[PDB]
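Spelled out, the chains give:
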Amino acid sequence: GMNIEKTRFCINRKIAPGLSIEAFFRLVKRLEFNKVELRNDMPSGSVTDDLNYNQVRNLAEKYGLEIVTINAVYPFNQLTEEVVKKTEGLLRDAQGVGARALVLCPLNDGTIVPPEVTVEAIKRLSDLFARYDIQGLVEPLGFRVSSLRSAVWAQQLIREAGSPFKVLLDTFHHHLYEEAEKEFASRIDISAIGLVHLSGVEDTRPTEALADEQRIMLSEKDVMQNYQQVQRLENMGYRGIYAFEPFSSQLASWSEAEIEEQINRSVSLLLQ
Ligand SMILES: [Cl-]
Ligand SMILES: [Cl-]
Ligand SMILES: [Zn+2]
Ligand SMILES: [Zn+2]
């Protein structure tokens, strides 16, 4: 059916909360992928756990992996001087491990952030990121309490900011933005989508009520239409990276074998 080069798949570290960085990298190489994402919200609380930057670089190189992003700055949108320090720390982390991009997430507490303020934040962060030679990925969050839910509108703000940043399209967040399908096909710029985050939800609770805890991997029981969201991207010309990003606490109970199975099962579902 769909011909997606295996090379284009990326494994986000959220899938493996119980694995050290070397165990995680070794698994991804065993599965013959060459892309990962690291994160500052693992149990360790550190992008590199207790390792230094050099150790992490050597590991990535030992297992032939590109670290594609770090997740994530929050809230990029409410750029106080604490948030700037928190971002500078993450920019060092990205530069040090050899990460290409750092992910930016909008305020998500039910409070309005005006588009003028978001644009100003993108401008300031674009200048700051350039200083570390890191790419920025703006990820809209679909929650009703999110200050920035539309990928289309996010792309517009980036243009107004004159920024090289791109949008991170997350299929869960698209699914929760329930006004999303109206504009999408006509208004989205595929070339300005820098990464895609995939995960499935089988949970049949109302879409309004869905949270990250329901986000598992891709099955036939998936409620969010990932196959169709991916098929559309392919048809509209997307040649970028698909990264698997589950969040559920069910993940912690998975062995290294079970993790390998779910990544294989998810990939196979897309190529069927
Ligand atoms: Cl600027
Ligand atoms: Cl500026
Ligand atoms: Zn500027
Ligand atoms: Zn995501």
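Residues numbered from 1 in each chain as written, not as in the entry; some residues may be left out. Chains lettered and ligands numbered in written order. Heavy atoms only, no water. Residues with missing side-chain atoms left out of burial classes, pairs and counts.

Its PDB header attributes the entry to X-ray crystallography and lists the resolution as 2.400 Å.

Asker: How do you make sense of the coordination of the zinc ion (ligand 4) when you look at a structure like this?
Answerer: Ideal geometry at a metal centre: 109.5 degrees between donors when four sit tetrahedrally, and 90 or 180 degrees when six sit octahedrally. Around the zinc ion (ligand 4), the protein supplies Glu139 (OE), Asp170 (OD), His197 (ND1) and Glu245 (OE) as donor atoms, at distances of 2.0 to 2.1 Å. Around the zinc ion (ligand 4) sit four donor atoms; with metal-centred angles ranging over 78 to 171°, the donor geometry is irregular. (Donors = N, O, S within 2.8 Å, 3.2 Å for Na, K, Ca; no water. Tetrahedral: all angles 85-135°; square planar, octahedral: opposite > 155°, others 65-115°.)

Asker: So what exactly am I meant to see when it comes to helix 1 (residues 21–30) here?
Answerer: Because the α-helix completes a turn every 3.6 residues, residues three or four places apart line up on one side. Considered for burial, the residues of helix 1 that qualify are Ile21, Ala23, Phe24, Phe25, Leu27 and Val28. Looking at the buried positions of helix 1, the neighbouring elements they touch are strand 1 (9–12), strand 2 (35–39), helix 2 (53–62), strand 3 (66–73) and helix 9 (256–271). Remark: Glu32 follows helix 1 within two positions and exhibits a positive phi of approximately 65°. (Buried < 20%, exposed > 50% of the residue type's maximum accessible area, 1.4 Å probe, protein only. Helix = DSSP H or I, 4+ residues; strand = E, 2+ residues; numbered from the N terminus. Contact = heavy atoms within 4.5 Å.)

Asker: Help me understand the pattern of salt bridges in this model?
Answerer: One side chain can pair with another of opposite charge once the charged atoms of both are near each other. Under the definition given, this model contains 17 salt bridges. Note that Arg8 is salt-bridged to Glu234, the shortest N-O span being 3.0 Å. With a gap of 226 residues between them, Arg8 in the segment before strand 1 and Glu234 in helix 8 (residues 226–235) connect regions that are remote in the sequence. Judged by its relative accessible area of 9%, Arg8 is buried. The partner of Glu234 in a salt bridge is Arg239, and the shortest N-O contact between them spans 3.0 Å. It is possible to trace a salt-bridge network through shared partners that takes in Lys14, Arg39, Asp41, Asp170, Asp212, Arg215 and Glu245. (Salt bridge = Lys/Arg side-chain N within 4 Å of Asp/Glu carboxyl O.)

Asker: Help me understand the packing of helix 1 against helix 2, please; the structure alone is not making it clear to me.
Answerer: Two numbers describe a pair of packed helices, the interaxial angle and the distance between the axes. As a packed pair, helix 1 and helix 2 sit with axes 9 Å apart at the nearest point and diverge in direction by 20°. Taken together, the axes of helix 1 and helix 2 are roughly parallel relative to one another. As for how helix 1 packs across helix 2, the hand of that crossing is right-handed. The residues of helix 2 that touch helix 1, namely those facing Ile21, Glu22 and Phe25, are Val56, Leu59, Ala60 and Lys62. (Axes fitted to C-alpha atoms, helices over the stretch in contact; angles between N-to-C directions. Parallel < 35°, antiparallel > 145°, perpendicular 65-115°, else oblique. Left-handed = near helix turned anticlockwise from the far one by under 90°.)

Asker: Honestly, the UniProt feature "binding site: Zn(2+)" (unreviewed entry) in the protein in this entry has me stumped. Any pointers?
Answerer: UniProt records the feature "binding site: Zn(2+)" (unreviewed entry) for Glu139, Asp170, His197 and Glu245 in the present numbering. Spanning 107 residues, the named residues form one tight spatial group whose C-alpha atoms are at most 13.0 Å apart. Locating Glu139 in the fold gives a position in the loop between strand 5 (135–138) and helix 5 (151–160). You can call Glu139 buried: its relative accessible area is 3%. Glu139 has contacts with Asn71, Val103, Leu104, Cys105, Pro106, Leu168, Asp170, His173, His197 and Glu245, leaving out every residue within four places of it along the chain. (UniProt positions renumbered as here; feature names shortened; annotations may be inferred.)

Asker: Could you clarify how one ought to interpret the UniProt feature "domain: Xylose isomerase-like TIM barrel" (unreviewed entry) in the protein in this entry?
Answerer: The UniProt feature table records "domain: Xylose isomerase-like TIM barrel" (unreviewed entry) at residues 25–263. Helix makes up 38% of residues 25–263 and strand 15%, with an end-to-end C-alpha separation of 14 Å.

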